[PDB]
$ cat structure_38.cif   # mmCIF, N, CA and C atoms and all ligand atoms
data_data
loop_
_atom_site.label_atom_id
_atom_site.label_comp_id
_atom_site.auth_asym_id
_atom_site.auth_seq_id
_atom_site.Cartn_x
_atom_site.Cartn_y
_atom_site.Cartn_z
N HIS A 3 -5.49 8.85 19.06
CA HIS A 3 -4.01 8.78 18.83
C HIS A 3 -3.69 7.45 18.24
N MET A 4 -4.73 6.93 17.59
CA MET A 4 -4.62 5.82 16.66
C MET A 4 -3.93 6.30 15.39
N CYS A 5 -2.83 5.62 15.21
CA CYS A 5 -1.91 5.76 14.13
C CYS A 5 -1.10 7.02 14.11
N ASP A 6 -0.84 7.66 15.24
CA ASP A 6 -0.19 8.96 15.14
C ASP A 6 1.10 8.92 14.44
N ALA A 7 1.93 7.88 14.67
CA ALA A 7 3.27 7.85 14.04
C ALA A 7 3.23 7.57 12.55
N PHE A 8 2.06 7.22 11.98
CA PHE A 8 1.89 7.06 10.55
C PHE A 8 1.47 8.33 9.87
N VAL A 9 0.80 9.25 10.56
CA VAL A 9 0.18 10.39 9.93
C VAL A 9 1.25 11.29 9.34
N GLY A 10 0.99 11.79 8.13
CA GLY A 10 1.87 12.71 7.48
C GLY A 10 1.96 12.45 6.00
N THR A 11 2.95 13.05 5.41
CA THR A 11 3.19 12.95 3.96
C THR A 11 4.56 12.30 3.81
N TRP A 12 4.62 11.23 3.03
CA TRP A 12 5.80 10.38 2.93
C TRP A 12 6.15 10.26 1.46
N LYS A 13 7.43 10.16 1.14
CA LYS A 13 7.91 10.03 -0.23
C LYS A 13 8.70 8.75 -0.38
N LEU A 14 8.48 8.04 -1.49
CA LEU A 14 9.20 6.78 -1.77
C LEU A 14 10.72 7.04 -1.98
N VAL A 15 11.58 6.32 -1.25
CA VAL A 15 13.00 6.48 -1.44
C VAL A 15 13.71 5.23 -1.93
N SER A 16 13.13 4.04 -1.75
CA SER A 16 13.74 2.88 -2.35
C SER A 16 12.67 1.80 -2.55
N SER A 17 12.95 0.87 -3.46
CA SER A 17 12.10 -0.26 -3.75
C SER A 17 12.93 -1.45 -4.07
N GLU A 18 12.44 -2.60 -3.67
CA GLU A 18 13.05 -3.88 -4.02
C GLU A 18 12.00 -4.87 -4.38
N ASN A 19 12.19 -5.57 -5.50
CA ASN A 19 11.36 -6.70 -5.92
C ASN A 19 9.97 -6.35 -6.31
N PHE A 20 9.68 -5.07 -6.58
CA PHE A 20 8.30 -4.67 -6.89
C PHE A 20 7.82 -5.25 -8.21
N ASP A 21 8.69 -5.35 -9.22
CA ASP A 21 8.26 -5.97 -10.51
C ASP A 21 7.81 -7.43 -10.28
N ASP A 22 8.60 -8.17 -9.51
CA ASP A 22 8.24 -9.54 -9.23
C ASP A 22 6.94 -9.66 -8.44
N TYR A 23 6.75 -8.78 -7.47
CA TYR A 23 5.50 -8.77 -6.73
C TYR A 23 4.35 -8.51 -7.68
N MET A 24 4.48 -7.51 -8.55
CA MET A 24 3.39 -7.20 -9.52
C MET A 24 3.16 -8.40 -10.44
N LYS A 25 4.20 -9.08 -10.91
CA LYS A 25 3.98 -10.28 -11.71
C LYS A 25 3.18 -11.31 -10.97
N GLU A 26 3.48 -11.53 -9.68
CA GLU A 26 2.78 -12.51 -8.90
C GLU A 26 1.30 -12.14 -8.72
N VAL A 27 0.98 -10.87 -8.61
CA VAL A 27 -0.35 -10.39 -8.49
C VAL A 27 -1.12 -10.54 -9.80
N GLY A 28 -0.45 -10.58 -10.92
CA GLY A 28 -1.08 -10.68 -12.23
C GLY A 28 -1.08 -9.42 -13.07
N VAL A 29 -0.27 -8.43 -12.71
CA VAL A 29 -0.22 -7.18 -13.40
C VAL A 29 0.45 -7.40 -14.77
N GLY A 30 -0.15 -6.87 -15.82
CA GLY A 30 0.42 -7.02 -17.15
C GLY A 30 1.61 -6.14 -17.43
N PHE A 31 2.32 -6.42 -18.53
CA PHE A 31 3.61 -5.83 -18.84
C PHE A 31 3.56 -4.31 -18.83
N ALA A 32 2.65 -3.71 -19.60
CA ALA A 32 2.72 -2.25 -19.73
C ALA A 32 2.49 -1.57 -18.41
N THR A 33 1.48 -2.02 -17.69
CA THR A 33 1.20 -1.45 -16.36
C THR A 33 2.38 -1.68 -15.42
N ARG A 34 3.00 -2.84 -15.45
CA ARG A 34 4.21 -3.02 -14.60
C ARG A 34 5.28 -2.00 -14.91
N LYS A 35 5.54 -1.76 -16.19
CA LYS A 35 6.62 -0.85 -16.53
C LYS A 35 6.32 0.56 -16.04
N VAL A 36 5.12 1.07 -16.29
CA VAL A 36 4.79 2.41 -15.86
C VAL A 36 4.64 2.53 -14.37
N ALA A 37 4.01 1.56 -13.76
CA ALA A 37 3.86 1.54 -12.29
C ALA A 37 5.22 1.43 -11.61
N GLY A 38 6.12 0.62 -12.16
CA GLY A 38 7.40 0.41 -11.51
C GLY A 38 8.25 1.69 -11.54
N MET A 39 8.01 2.56 -12.49
CA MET A 39 8.68 3.86 -12.60
C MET A 39 8.17 4.87 -11.57
N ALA A 40 6.99 4.67 -11.03
CA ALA A 40 6.36 5.68 -10.18
C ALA A 40 7.18 5.92 -8.89
N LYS A 41 7.15 7.16 -8.46
CA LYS A 41 7.78 7.58 -7.20
C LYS A 41 6.74 8.25 -6.33
N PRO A 42 5.83 7.46 -5.73
CA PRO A 42 4.66 8.03 -5.06
C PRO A 42 4.99 8.78 -3.80
N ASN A 43 4.08 9.71 -3.54
CA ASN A 43 3.89 10.22 -2.17
C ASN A 43 2.68 9.52 -1.55
N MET A 44 2.83 9.12 -0.33
CA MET A 44 1.80 8.45 0.46
C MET A 44 1.38 9.43 1.57
N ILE A 45 0.11 9.76 1.60
CA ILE A 45 -0.40 10.75 2.55
C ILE A 45 -1.39 10.06 3.47
N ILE A 46 -1.11 10.03 4.76
CA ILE A 46 -1.91 9.30 5.73
C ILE A 46 -2.50 10.30 6.72
N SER A 47 -3.80 10.23 6.97
CA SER A 47 -4.47 11.10 7.92
C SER A 47 -5.54 10.33 8.65
N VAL A 48 -5.90 10.86 9.82
CA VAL A 48 -6.91 10.27 10.67
C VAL A 48 -7.89 11.33 11.12
N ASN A 49 -9.16 11.02 11.08
CA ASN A 49 -10.22 11.92 11.62
C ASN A 49 -11.21 11.02 12.34
N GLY A 50 -11.16 11.05 13.66
CA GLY A 50 -11.94 10.11 14.49
C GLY A 50 -11.48 8.69 14.26
N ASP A 51 -12.42 7.80 13.94
CA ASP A 51 -12.11 6.45 13.63
C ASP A 51 -11.76 6.18 12.16
N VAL A 52 -11.84 7.19 11.33
CA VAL A 52 -11.63 7.02 9.91
C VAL A 52 -10.18 7.37 9.53
N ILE A 53 -9.50 6.39 8.93
CA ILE A 53 -8.17 6.56 8.38
C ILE A 53 -8.26 6.75 6.92
N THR A 54 -7.51 7.71 6.36
CA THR A 54 -7.41 7.90 4.91
C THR A 54 -5.99 7.74 4.47
N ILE A 55 -5.77 6.94 3.44
CA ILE A 55 -4.46 6.77 2.80
C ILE A 55 -4.60 7.14 1.36
N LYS A 56 -3.82 8.13 0.91
CA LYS A 56 -3.72 8.52 -0.50
C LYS A 56 -2.34 8.15 -1.04
N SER A 57 -2.30 7.71 -2.28
CA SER A 57 -1.03 7.47 -3.02
C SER A 57 -1.07 8.32 -4.23
N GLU A 58 -0.10 9.20 -4.41
CA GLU A 58 -0.10 10.10 -5.53
C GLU A 58 1.18 10.02 -6.29
N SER A 59 1.07 9.77 -7.60
CA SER A 59 2.21 9.60 -8.48
C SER A 59 1.78 9.95 -9.90
N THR A 60 2.73 9.98 -10.79
CA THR A 60 2.42 10.19 -12.15
C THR A 60 1.65 9.03 -12.75
N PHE A 61 1.73 7.84 -12.18
CA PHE A 61 1.02 6.65 -12.64
C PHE A 61 -0.48 6.73 -12.32
N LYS A 62 -0.78 6.99 -11.06
CA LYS A 62 -2.14 7.02 -10.58
C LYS A 62 -2.22 7.82 -9.27
N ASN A 63 -3.37 8.43 -9.06
CA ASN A 63 -3.70 8.99 -7.76
C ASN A 63 -4.83 8.15 -7.19
N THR A 64 -4.63 7.53 -6.02
CA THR A 64 -5.60 6.73 -5.35
C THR A 64 -5.88 7.23 -3.95
N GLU A 65 -7.05 6.87 -3.43
CA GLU A 65 -7.44 7.22 -2.08
C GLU A 65 -8.33 6.14 -1.51
N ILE A 66 -8.08 5.73 -0.28
CA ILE A 66 -8.96 4.86 0.47
C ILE A 66 -9.22 5.48 1.83
N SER A 67 -10.45 5.32 2.32
CA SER A 67 -10.84 5.67 3.68
C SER A 67 -11.51 4.46 4.30
N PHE A 68 -11.24 4.21 5.56
CA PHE A 68 -11.68 2.97 6.19
C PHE A 68 -11.62 3.09 7.69
N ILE A 69 -12.33 2.18 8.35
CA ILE A 69 -12.30 1.97 9.78
C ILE A 69 -11.62 0.64 10.01
N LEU A 70 -10.73 0.54 11.01
CA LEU A 70 -10.00 -0.70 11.27
C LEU A 70 -10.95 -1.83 11.53
N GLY A 71 -10.67 -2.96 10.89
CA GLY A 71 -11.45 -4.17 11.06
C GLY A 71 -12.70 -4.28 10.22
N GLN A 72 -13.03 -3.25 9.47
CA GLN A 72 -14.30 -3.14 8.74
C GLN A 72 -14.07 -3.19 7.24
N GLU A 73 -14.51 -4.29 6.60
CA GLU A 73 -14.21 -4.51 5.20
C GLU A 73 -14.79 -3.44 4.29
N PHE A 74 -14.12 -3.20 3.19
CA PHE A 74 -14.54 -2.28 2.18
C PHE A 74 -14.18 -2.79 0.79
N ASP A 75 -14.87 -2.27 -0.22
CA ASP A 75 -14.48 -2.63 -1.57
C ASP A 75 -13.47 -1.51 -2.05
N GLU A 76 -12.45 -1.97 -2.79
CA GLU A 76 -11.37 -1.12 -3.24
C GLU A 76 -11.14 -1.44 -4.76
N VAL A 77 -10.89 -0.40 -5.53
CA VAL A 77 -10.40 -0.56 -6.92
C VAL A 77 -8.91 -0.18 -6.84
N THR A 78 -8.04 -1.14 -7.07
CA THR A 78 -6.63 -0.90 -6.95
C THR A 78 -6.10 -0.10 -8.12
N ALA A 79 -4.87 0.38 -8.02
CA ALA A 79 -4.29 1.20 -9.08
C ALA A 79 -4.14 0.44 -10.38
N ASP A 80 -3.92 -0.87 -10.31
CA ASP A 80 -3.85 -1.79 -11.46
C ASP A 80 -5.24 -2.33 -11.88
N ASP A 81 -6.31 -1.77 -11.35
CA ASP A 81 -7.71 -2.03 -11.73
C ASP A 81 -8.26 -3.37 -11.31
N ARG A 82 -7.75 -3.93 -10.22
CA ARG A 82 -8.43 -5.06 -9.58
C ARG A 82 -9.53 -4.56 -8.73
N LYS A 83 -10.63 -5.29 -8.68
CA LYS A 83 -11.75 -5.02 -7.80
C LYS A 83 -11.56 -6.01 -6.66
N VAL A 84 -11.17 -5.52 -5.47
CA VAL A 84 -10.84 -6.32 -4.34
C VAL A 84 -11.70 -5.99 -3.11
N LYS A 85 -11.77 -6.96 -2.22
CA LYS A 85 -12.36 -6.74 -0.90
C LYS A 85 -11.21 -6.62 0.10
N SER A 86 -11.17 -5.48 0.77
CA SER A 86 -10.04 -5.13 1.65
C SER A 86 -10.46 -5.02 3.10
N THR A 87 -9.56 -5.42 3.98
CA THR A 87 -9.73 -5.21 5.42
C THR A 87 -8.38 -4.78 5.95
N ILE A 88 -8.36 -3.69 6.75
CA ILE A 88 -7.14 -3.17 7.33
C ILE A 88 -7.28 -3.19 8.83
N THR A 89 -6.30 -3.75 9.53
CA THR A 89 -6.28 -3.87 10.96
C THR A 89 -4.91 -3.34 11.48
N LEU A 90 -4.81 -3.13 12.76
CA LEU A 90 -3.59 -2.78 13.42
C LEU A 90 -3.18 -3.98 14.31
N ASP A 91 -2.02 -4.54 14.04
CA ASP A 91 -1.53 -5.74 14.76
C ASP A 91 -0.19 -5.40 15.36
N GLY A 92 -0.15 -5.25 16.66
CA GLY A 92 1.06 -4.87 17.26
C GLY A 92 1.79 -3.66 16.66
N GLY A 93 1.07 -2.63 16.43
CA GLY A 93 1.69 -1.43 15.83
C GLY A 93 1.90 -1.38 14.31
N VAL A 94 1.56 -2.47 13.61
CA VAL A 94 1.69 -2.60 12.14
C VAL A 94 0.32 -2.50 11.51
N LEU A 95 0.19 -1.67 10.49
CA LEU A 95 -1.07 -1.62 9.74
C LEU A 95 -1.01 -2.79 8.71
N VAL A 96 -1.99 -3.67 8.79
CA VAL A 96 -2.02 -4.84 7.93
C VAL A 96 -3.23 -4.76 7.01
N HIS A 97 -3.01 -4.70 5.71
CA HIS A 97 -4.03 -4.49 4.67
C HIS A 97 -4.12 -5.76 3.81
N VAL A 98 -5.23 -6.52 3.96
CA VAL A 98 -5.47 -7.71 3.20
C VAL A 98 -6.41 -7.43 2.08
N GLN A 99 -6.08 -7.87 0.88
CA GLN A 99 -6.93 -7.72 -0.31
C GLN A 99 -7.29 -9.12 -0.84
N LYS A 100 -8.58 -9.35 -1.07
CA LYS A 100 -9.08 -10.64 -1.60
C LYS A 100 -9.76 -10.39 -2.92
N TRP A 101 -9.49 -11.25 -3.91
CA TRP A 101 -10.19 -11.12 -5.21
C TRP A 101 -9.93 -12.37 -5.96
N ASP A 102 -10.92 -12.82 -6.72
CA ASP A 102 -10.81 -14.04 -7.53
C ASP A 102 -10.15 -15.24 -6.84
N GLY A 103 -10.45 -15.51 -5.58
CA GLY A 103 -9.83 -16.59 -4.82
C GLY A 103 -8.38 -16.44 -4.40
N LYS A 104 -7.81 -15.27 -4.67
CA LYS A 104 -6.43 -14.89 -4.38
C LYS A 104 -6.43 -13.90 -3.19
N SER A 105 -5.24 -13.73 -2.64
CA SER A 105 -5.08 -12.82 -1.51
C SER A 105 -3.66 -12.22 -1.57
N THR A 106 -3.56 -10.96 -1.16
CA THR A 106 -2.25 -10.32 -0.96
C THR A 106 -2.36 -9.45 0.27
N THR A 107 -1.19 -9.30 0.93
CA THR A 107 -1.12 -8.51 2.14
C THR A 107 -0.07 -7.45 2.02
N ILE A 108 -0.41 -6.23 2.44
CA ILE A 108 0.45 -5.04 2.45
C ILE A 108 0.57 -4.59 3.90
N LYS A 109 1.77 -4.62 4.44
CA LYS A 109 2.04 -4.21 5.82
C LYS A 109 2.76 -2.89 5.80
N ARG A 110 2.38 -1.94 6.66
CA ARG A 110 3.01 -0.65 6.83
C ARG A 110 3.48 -0.54 8.26
N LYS A 111 4.77 -0.23 8.48
CA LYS A 111 5.30 -0.09 9.83
C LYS A 111 6.26 1.08 9.85
N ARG A 112 6.39 1.65 11.05
CA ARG A 112 7.38 2.68 11.32
C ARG A 112 8.65 2.03 11.82
N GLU A 113 9.77 2.37 11.21
CA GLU A 113 11.10 1.86 11.61
C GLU A 113 12.05 3.06 11.55
N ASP A 114 12.55 3.52 12.68
CA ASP A 114 13.40 4.72 12.74
C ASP A 114 12.56 5.86 12.14
N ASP A 115 13.16 6.66 11.24
CA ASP A 115 12.42 7.73 10.61
C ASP A 115 11.74 7.34 9.32
N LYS A 116 11.69 6.07 9.03
CA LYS A 116 11.08 5.53 7.79
C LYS A 116 9.74 4.91 8.05
N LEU A 117 8.95 4.87 6.99
CA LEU A 117 7.76 4.09 6.92
C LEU A 117 8.06 2.99 5.89
N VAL A 118 8.09 1.73 6.34
CA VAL A 118 8.45 0.61 5.52
C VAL A 118 7.20 -0.16 5.14
N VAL A 119 7.04 -0.40 3.84
CA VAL A 119 5.86 -1.08 3.30
C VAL A 119 6.33 -2.42 2.71
N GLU A 120 5.76 -3.52 3.19
CA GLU A 120 6.02 -4.84 2.68
C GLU A 120 4.80 -5.39 2.02
N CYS A 121 4.96 -5.76 0.75
CA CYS A 121 3.88 -6.28 -0.08
C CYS A 121 4.17 -7.74 -0.37
N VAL A 122 3.24 -8.66 -0.02
CA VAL A 122 3.50 -10.10 -0.10
C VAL A 122 2.41 -10.76 -0.91
N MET A 123 2.81 -11.55 -1.88
CA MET A 123 1.91 -12.38 -2.66
C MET A 123 2.61 -13.73 -2.72
N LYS A 124 1.98 -14.74 -2.05
CA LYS A 124 2.49 -16.07 -1.95
C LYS A 124 3.93 -15.95 -1.40
N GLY A 125 4.92 -16.48 -2.08
CA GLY A 125 6.31 -16.46 -1.61
C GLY A 125 7.09 -15.20 -1.99
N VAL A 126 6.49 -14.24 -2.71
CA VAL A 126 7.17 -13.05 -3.18
C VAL A 126 6.87 -11.83 -2.35
N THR A 127 7.94 -11.20 -1.84
CA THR A 127 7.85 -10.00 -1.04
C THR A 127 8.57 -8.86 -1.73
N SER A 128 7.93 -7.71 -1.71
CA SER A 128 8.53 -6.46 -2.11
C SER A 128 8.57 -5.52 -0.92
N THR A 129 9.68 -4.81 -0.79
CA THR A 129 9.89 -3.80 0.26
C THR A 129 10.05 -2.45 -0.34
N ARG A 130 9.21 -1.52 0.10
CA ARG A 130 9.18 -0.14 -0.35
C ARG A 130 9.40 0.77 0.85
N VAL A 131 10.40 1.60 0.79
CA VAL A 131 10.79 2.42 1.92
C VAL A 131 10.44 3.88 1.64
N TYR A 132 9.79 4.54 2.60
CA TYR A 132 9.36 5.93 2.55
C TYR A 132 10.03 6.73 3.64
N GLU A 133 10.32 7.98 3.33
CA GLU A 133 10.78 8.99 4.32
C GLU A 133 9.79 10.15 4.36
N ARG A 134 9.85 10.98 5.40
CA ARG A 134 8.93 12.15 5.44
C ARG A 134 9.30 13.07 4.32
N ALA A 135 8.26 13.61 3.69
CA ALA A 135 8.41 14.53 2.58
C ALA A 135 8.79 15.89 3.04
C1 LIG A 201 2.80 2.84 -7.61
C2 LIG A 201 1.94 1.69 -7.18
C3 LIG A 201 1.36 0.86 -8.17
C4 LIG A 201 0.57 -0.25 -7.81
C5 LIG A 201 0.34 -0.60 -6.47
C6 LIG A 201 0.89 0.28 -5.51
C7 LIG A 201 1.70 1.37 -5.85
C8 LIG A 201 2.26 2.13 -4.70
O1 LIG A 201 3.45 2.50 -4.71
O2 LIG A 201 1.55 2.33 -3.67
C9 LIG A 201 -0.46 -1.83 -6.02
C10 LIG A 201 -0.32 -2.00 -4.46
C11 LIG A 201 -1.93 -1.67 -6.35
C12 LIG A 201 0.18 -3.14 -6.59
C13 LIG A 201 -0.06 -3.44 -8.07
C14 LIG A 201 0.61 -2.50 -9.05
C15 LIG A 201 0.05 -1.07 -8.95
#
$ encode --input "structure_38.cif" --output "C-alpha cells" --more "lines below"
Ligand SMILES: Cc1cc2c(cc1C(=O)O)C(C)(C)CCCC2
Amino acid sequence: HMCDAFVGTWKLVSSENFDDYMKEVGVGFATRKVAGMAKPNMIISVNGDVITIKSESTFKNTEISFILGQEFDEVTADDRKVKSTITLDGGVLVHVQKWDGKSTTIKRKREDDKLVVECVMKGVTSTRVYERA
C-alpha cells in the first residue's frame, strides 16, 4: 500500500511557469513550444516494490519503472540522459535527476483531489496540477 493515493490515471488541468523551468533546464526553443502545449495524462501504478509512471501526450509518451531509493538511468522527454533516484519523503514522491553536473527535482504530492507536481531547477519552480481522469 505503498503509494496507494497516487495510483491511477491523472490529467493535467493547470500549469504555471513551465516555460521558465524548461529554460532553466536547458530545453531549446522548438521543444519548449511543443512541450509547453502538451496536456499529458500521467498514469501511476504499483506492482510489488516496482512503481511505474507513464506520461502520455501528443508531445511524447514516456515510461519509467523503479524501486524507491534505487538509482536508474532515464532518457527524459527533452532527450537528456540523466541519473534518477526517486524516494518517498513524508508522503511526497521526490524524483532527483542528475546530468552534466546539474540537478533538478520533481516532487509529486496529493492535495485534496489533486495530484500536484512541483518541478524545481535552481531558483525556478513550476507547478503542474492534475485531477483524476
Ligand atoms: C510534457 C512534458 C515535457 C517535458 C517534461 C515533462 C513533461 C510532463 O508534463 O510530464 C520534463 C519533466 C522532461 C521537463 C523538460 C521538458 C519536457
$ residues_around --input "structure_38.cif" --residues "residue 12 (chain A)" --least-positions-apart "5" --cutoff "6 Å" --atoms "only N, CA and C atoms" --output "number ranges by chain"
A: 42-45, 132-135
$ atom_distance --input "structure_38.cif" --atom1 "atom C of residue 17 (chain A)" --atom2 "atom C of residue 129 (chain A)"
4.8 Å
$ residues_near_ligand --input "structure_38.cif" --ligand "ligand LIG 201 (chain A)" --cutoff "9 Å" --atoms "only C-alpha atoms and all ligand atoms" --output "ChimeraX atom specification"
/A:14,20-21,23-25,27-29,33-34,36-44,56-64,77-82,108,119,121,130
$ atom_distance --input "structure_38.cif" --atom1 "CA of residue 112 (chain A)" --atom2 "CA of residue 93 (chain A)"
8.3 Å
$ atom_distance --input "structure_38.cif" --atom1 "atom C of residue 122 (chain A)" --atom2 "atom N of residue 106 (chain A)"
6.0 Å
$ residues_around --input "structure_38.cif" --residues "residue 110 (chain A)" --least-positions-apart "3" --cutoff "6 Å" --atoms "only C-alpha atoms" --output "PyMOL selection string"
chain A and resi 94-95+118-119
$ closest_atom_pairs --input "structure_38.cif" --of "region 15-133 of chain A" --to "region 4-8 of chain A" --cutoff "8 Å" --atoms "all atoms listed in the file" --output "JSON lines"
{"residue": "A:45", "atom": "C", "partner": "A:8", "partner_atom": "C", "distance": 7.2}
{"residue": "A:46", "atom": "CA", "partner": "A:8", "partner_atom": "C", "distance": 5.4}
{"residue": "A:47", "atom": "N", "partner": "A:8", "partner_atom": "C", "distance": 6.3}
{"residue": "A:48", "atom": "CA", "partner": "A:4", "partner_atom": "C", "distance": 6.8}
{"residue": "A:50", "atom": "C", "partner": "A:4", "partner_atom": "N", "distance": 7.7}
{"residue": "A:111", "atom": "C", "partner": "A:8", "partner_atom": "CA", "distance": 7.4}
{"residue": "A:112", "atom": "CA", "partner": "A:7", "partner_atom": "C", "distance": 6.5}
{"residue": "A:117", "atom": "CA", "partner": "A:8", "partner_atom": "CA", "distance": 7.5}
$ select_by_dssp --input "structure_38.cif" --residues "region 27-95 of chain A" --states "strand (DSSP E or B)" --output "PyMOL selection string"
chain A and resi 43-49+52-58+63-68+74-77+83-91+94-95
$ residues_around --input "structure_38.cif" --residues "region 88-90 of chain A" --least-positions-apart "3" --cutoff "6 Å" --atoms "all atoms listed in the file" --output "PyMOL selection string"
chain A and resi 69-72+93-98
$ write_last_selection --input "structure_38.cif" --atoms "N, CA and C atoms" --output "tab-separated table (two decimals), in the frame of the given file"
chain	number	residue	atom	x	y	z
A	69	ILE	N	-12.33	2.18	8.35
A	69	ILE	CA	-12.30	1.97	9.78
A	69	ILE	C	-11.62	0.64	10.01
A	70	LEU	N	-10.73	0.54	11.01
A	70	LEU	CA	-10.00	-0.70	11.27
A	70	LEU	C	-10.95	-1.83	11.53
A	71	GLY	N	-10.67	-2.96	10.89
A	71	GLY	CA	-11.45	-4.17	11.06
A	71	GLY	C	-12.70	-4.28	10.22
A	72	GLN	N	-13.03	-3.25	9.47
A	72	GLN	CA	-14.30	-3.14	8.74
A	72	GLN	C	-14.07	-3.19	7.24
A	93	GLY	N	1.07	-2.63	16.43
A	93	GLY	CA	1.69	-1.43	15.83
A	93	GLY	C	1.90	-1.38	14.31
A	94	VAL	N	1.56	-2.47	13.61
A	94	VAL	CA	1.69	-2.60	12.14
A	94	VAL	C	0.32	-2.50	11.51
A	95	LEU	N	0.19	-1.67	10.49
A	95	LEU	CA	-1.07	-1.62	9.74
A	95	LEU	C	-1.01	-2.79	8.71
A	96	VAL	N	-1.99	-3.67	8.79
A	96	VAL	CA	-2.02	-4.84	7.93
A	96	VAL	C	-3.23	-4.76	7.01
A	97	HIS	N	-3.01	-4.70	5.71
A	97	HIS	CA	-4.03	-4.49	4.67
A	97	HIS	C	-4.12	-5.76	3.81
A	98	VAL	N	-5.23	-6.52	3.96
A	98	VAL	CA	-5.47	-7.71	3.20
A	98	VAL	C	-6.41	-7.43	2.08
$ residues_around --input "structure_38.cif" --residues "residue 86 (chain A)" --least-positions-apart "2" --cutoff "6 Å" --atoms "only N, CA and C atoms" --output "ChimeraX atom specification"
/A:72-76,84,88,98-100
$ closest_residue --input "structure_38.cif" --among "A:32, A:123, A:131, A:53" --to "residue 13 (chain A)" --atoms "only C-alpha atoms"
A:131
$ select_by_dssp --input "structure_38.cif" --residues "chain A" --states "alpha helix (DSSP H)" --output "number ranges by chain"
A: 20-27, 31-39
$ axis_aligned_box --input "structure_38.cif" --around "region 82-95 of chain A" --padding-each-side "5 Å" --output "lines of an AutoDock Vina configuration file"
center_x = -5.2
center_y = -4.2
center_z = 3.5
size_x = 24.3
size_y = 15.6
size_z = 37.5
$ decode --input "structure_38.cif" --residues "region 84-97 of chain A" --atoms "N, CA, C and O atoms" --output "short mmCIF file (atom, residue, chain, number, x, y, z; two decimals), in the first residue's frame"
data_model
loop_
_atom_site.label_atom_id
_atom_site.label_comp_id
_atom_site.auth_asym_id
_atom_site.auth_seq_id
_atom_site.Cartn_x
_atom_site.Cartn_y
_atom_site.Cartn_z
N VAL A 84 19.90 11.22 -17.99
CA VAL A 84 20.04 11.55 -16.61
C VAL A 84 20.13 10.31 -15.71
O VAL A 84 19.66 9.23 -16.11
N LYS A 85 20.70 10.52 -14.54
CA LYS A 85 20.67 9.51 -13.49
C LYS A 85 19.63 9.95 -12.47
O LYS A 85 19.70 11.05 -11.91
N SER A 86 18.64 9.09 -12.26
CA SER A 86 17.46 9.42 -11.44
C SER A 86 17.37 8.56 -10.20
O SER A 86 17.65 7.36 -10.25
N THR A 87 16.91 9.16 -9.13
CA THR A 87 16.58 8.42 -7.90
C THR A 87 15.26 8.99 -7.40
O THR A 87 15.13 10.21 -7.27
N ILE A 88 14.31 8.10 -7.06
CA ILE A 88 13.01 8.52 -6.56
C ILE A 88 12.82 7.91 -5.19
O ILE A 88 13.04 6.70 -5.00
N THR A 89 12.44 8.72 -4.22
CA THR A 89 12.22 8.33 -2.85
C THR A 89 10.84 8.86 -2.39
O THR A 89 10.24 9.72 -3.03
N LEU A 90 10.37 8.37 -1.27
CA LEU A 90 9.18 8.86 -0.64
C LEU A 90 9.61 9.55 0.68
O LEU A 90 10.25 8.98 1.49
N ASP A 91 9.30 10.82 0.79
CA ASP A 91 9.70 11.65 1.96
C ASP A 91 8.45 12.24 2.56
O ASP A 91 7.83 13.06 1.93
N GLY A 92 8.06 11.74 3.71
CA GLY A 92 6.87 12.21 4.27
C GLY A 92 5.63 12.25 3.37
O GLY A 92 4.86 13.23 3.33
N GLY A 93 5.40 11.20 2.68
CA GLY A 93 4.24 11.16 1.77
C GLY A 93 4.37 11.80 0.38
O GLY A 93 3.45 11.73 -0.41
N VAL A 94 5.52 12.42 0.09
CA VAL A 94 5.82 13.09 -1.19
C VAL A 94 6.78 12.23 -1.98
O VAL A 94 7.82 11.80 -1.44
N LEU A 95 6.46 12.00 -3.25
CA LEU A 95 7.41 11.29 -4.13
C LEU A 95 8.42 12.36 -4.63
O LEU A 95 8.00 13.32 -5.29
N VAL A 96 9.68 12.12 -4.36
CA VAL A 96 10.73 13.07 -4.72
C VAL A 96 11.65 12.44 -5.76
O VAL A 96 12.30 11.42 -5.50
N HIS A 97 11.72 13.01 -6.95
CA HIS A 97 12.44 12.48 -8.11
C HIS A 97 13.60 13.44 -8.45
O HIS A 97 13.36 14.58 -8.82
#
